[PDB]
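Report on the structure given below.
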Amino acid sequence: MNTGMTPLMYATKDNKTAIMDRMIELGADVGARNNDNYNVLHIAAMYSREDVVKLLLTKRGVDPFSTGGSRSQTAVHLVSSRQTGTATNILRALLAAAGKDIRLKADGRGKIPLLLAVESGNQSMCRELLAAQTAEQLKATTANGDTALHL
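The authors' numbering puts the first residue of the sequence shown at 124, with every later residue one more than the last.
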């Protein structure tokens, strides 16, 4: 492992530069070395790779050694931060996986996929995300009481 002044490595640098071949080989060596590594702002490989542009690095990176389920500094899960970035394949494939398994195990601020998808105008993601999250948490009890119809 080698890095400079910033704590970012070649996995986060190749994961955000559309280098999916070299991010697949470096994602395999980094997948054996630092697959569960996060950034300085807790941007993990599923979080930063599923955050910037990458769906193939989230599928190949989440396929080899990164199981479905993560948590950021603000408890943003992979389905939650996938819904926070308005991603369709990341929140759809993340909601298809049984990490929270209902998409209703919310964050620390109640930021489930229905809350973050409902507050941001992400109803294309809140169709399936609030289909499971309304299959468990249709009465989405938030902290301020702002549910889907209330927020």
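For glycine and all other residues, C-beta sits at the position ideal for the given N, C-alpha and C.
Unbroken alpha helix (DSSP H) run spanning residue i, endpoints
i	result
residue 326	Absent from the model: residue 326. The displayed extent of the chain is 124 to 274, so no value can be given.
residue 183	179-185
residue 215	212-219
residue 241	236-242
residue 203	201-207
residue 257	252-260
residue 171	168-172
Distance CB(residue i)-CB(residue j) smaller than 7 Å
i	j	result
residue 193	residue 165	no
residue 256	residue 237	yes
residue 225	residue 259	yes
residue 188	residue 154	yes
residue 171	residue 211	no
Alpha-carbon spacing of residue i relative to residue j, whole angstroms
i	j	result
residue 180	residue 244	26 Å
residue 227	residue 176	25 Å
residue 249	residue 146	31 Å
residue 151	residue 169	14 Å
residue 198	residue 144	31 Å
residue 221	residue 205	15 Å
residue 163	residue 262	36 Å
residue 215	residue 223	13 Å
residue 132	residue 178	20 Å
residue 182	residue 217	10 Å
Closest Cα partner of residue i within the set the options
i	options	result
residue 207	144, 174, 136	174
residue 246	128, 153, 272	272
residue 186	213, 229, 232	213
residue 138	210, 125, 161	161
residue 190	167, 233, 140, 231	167
residue 202	183, 230, 184	230
residue 184	200, 157, 210	157
residue 209	235, 240, 219, 200	240
residue 254	141, 129, 235	235
Chain C within 7 Å of residue i, Cβ atoms only
i	result
residue 243	Among the protein chains of the structure shown there is no chain C, as only one such chain exists.
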